[PDB]
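Encoded as structure tokens, the following chain is the form deposited without this ligand, with no partner shown.
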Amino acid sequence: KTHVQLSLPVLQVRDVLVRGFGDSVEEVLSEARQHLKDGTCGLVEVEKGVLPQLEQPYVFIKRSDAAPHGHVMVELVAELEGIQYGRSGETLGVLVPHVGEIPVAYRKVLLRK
């Protein structure tokens, strides 16, 4: 399928144990997509002070369109030293590995895969 319905656990930035997906734009997009397929991906909501507490390159989920079955359609955009790889809508949050942190909420998305 071109899209997959996922329910992403929303993590507090100070709880996150693994603060990025790797060391290059291509690796972080690869690892993010693998962790989304495996159900091991968390979401941190971006506010003042969040991104400096995480590791670059960043992987964002961005709104791809204006929401089937309650799931916002999203795609991945990576960022490294102020340059984005991908073009999309509003940021829903930054993706991180999930390794058992307790979430505060779930974000229902339809991921363009």
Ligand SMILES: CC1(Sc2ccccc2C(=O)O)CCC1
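In this text, residue numbers run from 1 along the sequence as written.
Another form, the form solved in complex with this ligand, is not on view; read the next lines as being about it.
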Close approach of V72 to this ligand in the deposited bound form, 4.5 Å, heavy atom: no
Close approach of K113 to this ligand in the deposited bound form, 4.5 Å, heavy atom: yes
Distance check, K62 to this ligand in the deposited bound form, heavy atom within 4.5 Å: no
This ligand contact in the deposited bound form: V28, any heavy atom under 4.5 Å: no
Neighbours of this ligand in the deposited bound form among 6-37 [non-hydrogen atom within 4.5 angstroms]: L6, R33, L36, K37
